[PDB]
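Engineer:
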Amino acid sequence: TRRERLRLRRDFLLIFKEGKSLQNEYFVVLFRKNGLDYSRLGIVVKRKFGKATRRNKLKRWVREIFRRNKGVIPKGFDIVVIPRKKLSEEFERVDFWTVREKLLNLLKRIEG
RNA sequence: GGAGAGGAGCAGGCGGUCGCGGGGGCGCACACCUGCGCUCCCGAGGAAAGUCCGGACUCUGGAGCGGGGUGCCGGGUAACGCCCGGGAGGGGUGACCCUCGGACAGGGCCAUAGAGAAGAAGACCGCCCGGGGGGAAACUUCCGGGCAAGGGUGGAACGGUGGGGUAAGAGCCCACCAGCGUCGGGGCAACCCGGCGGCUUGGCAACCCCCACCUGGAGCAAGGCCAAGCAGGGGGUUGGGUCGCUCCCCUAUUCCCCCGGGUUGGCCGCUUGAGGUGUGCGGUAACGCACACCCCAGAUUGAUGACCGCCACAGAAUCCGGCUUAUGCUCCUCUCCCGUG
RNA sequence: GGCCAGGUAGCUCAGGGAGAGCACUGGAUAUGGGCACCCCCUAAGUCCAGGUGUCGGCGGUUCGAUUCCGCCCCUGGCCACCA
Ligand SMILES: [Mg+2]
Ligand SMILES: [Mg+2]
Ligand SMILES: [Mg+2]
Ligand SMILES: [Mg+2]
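Its first residue numbered 6, the first sequence is counted upward by one per residue in the entry's author numbering.
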């Protein structure tokens, strides 16, 4: 859903500068009110996370978590998900349910 | 069965619940441009990779030189540093694998060790002859002369080993060998086979070089178009005109250089191509030709996931040909070895 | 996707027969300290002695390669339109 896909080239700077942030050991989540009746997701994966296979797997998991849990995630925010060094350190050791739990714990705390 | 060499294919599938990317069809709104909404088709790789070669395709005004690349020979190909076949040299019992022009065109470099390393250089331990001296002798000593043959030195010592011949010795002579020169035969050829002959005189060109062949340079962020927006200023014996050098066609601010500020939108390029698959024919093969069938990702923060059930390596970004590296199986050949019918 | 750089003692940097600087380990000795000397402790310093390496890895050429020729690994940077 590309209507659900927020542009990062223009908006990342604005969200970084004007928005809020939440984090845990695996993710940093940046967010800002978008003035819409729905939320939009963006993913920023640092080059150092790895090659296409690895980065694309992470992005797919993130997109899926967001899509399936859209109903419970707060509405009216532009959201940027950023994986942390730790995650890229035990990514192969971290299962899907753990990534889901850790990401949702942050997403559900987006206020207000 | 064991050990090993060459090579071909596949990339866990099939049946379920949700979620994407591009086409098509449809539902509709269309006073235009177009704007959404919901089924059929297709949707990462053998390496998509590293960017090591070769193209195609774009933009830079000409030509020459330099520079760079390839390196036995013959094909194949759009082309290549690739592929196929063949020739020499080497390794392995063997199937097989690896190597590749020229050092009497020239210049330069060979440390250390060693008597001597490029004109033929050299006498270290030595071998033999002719005298003078000492000494009973063995032996020592001095001068004159002859050896590259043994040993030592090396990565290599100016042909190799055996016999004859030498005072002692040398291709001095002869044998087989290696090299070179020729004559003759077979190959398109690289080269091979046979005969004759003095006696022959380092290595490195992944150093410059010589010979033969090929070759501008950038690169899809190439380049073309639309929309949007701010703000200009300082320079040019001229400089710049898609690497350098040399001659040459230009152009004078609108061009180029520096500082500063505006976008950090959308469309084209963007996928049908030296393209796959299936036969038939030619060719040792690589591959070519003929006919038939097919449409096989085109994203632009960048599309393939999660749950269930019987059994790796890693993700296209302009597209192809090949190389190299990363990696899980399965099958087909042939070689040697133990053991049996 | 493409195009360039660079990888040397721990760190910064030189350059076809492996070095400087900071630095570390010792010995010397207070004008520091146990008290005041004797005796002894500690070395910021100052003397001196050195300690030391797959040349980013793995092959090839060469009798020898930091230098030459291949590939692989790691670390940085550059690109688009407007005027
Ligand atoms: Mg059996
Ligand atoms: Mg690539
Ligand atoms: Mg000799
Ligand atoms: Mg440009």
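Yeah, the Cβ is synthetic: ideal placement off N, Cα and C, and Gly gets one too.
#1: Can you check which of these residues, 103, 30, 79, is closest to residue 38 by C-alpha distance?
#2: Using DSSP with H/G/I as helix, E/B as strand and the rest coil, what is residue 65?
#3: Can you have a look at residue 7 and say buried or exposed, based on whether 16 or more other CB atoms are within 10 angstroms of its CB?
#4: Could you have a look at residue 13 and say whether DSSP puts it in helix, strand or coil?
#5: If you count every other CB in all the chains shown that lies within 10 Å of the CB of residue 44, and 16 or more means buried, which is it?
#6: With 16 other CB atoms within 10 Å as the buried threshold, where does residue 26 fall?
Structural biologist: Well, looking at it:
#1: Taking only the C-alpha atoms, the option nearest residue 38 is 79.
#2: In the structure shown, residue 65 sits in a helix (DSSP, three-state: H, G or I).
#3: So residue 7 counts as exposed.
#4: DSSP places residue 13 in the helix class (H, G or I) of the three-state scheme.
#5: Buried, by the Cβ-count rule.
#6: Per the 10 Å Cβ criterion, exposed.
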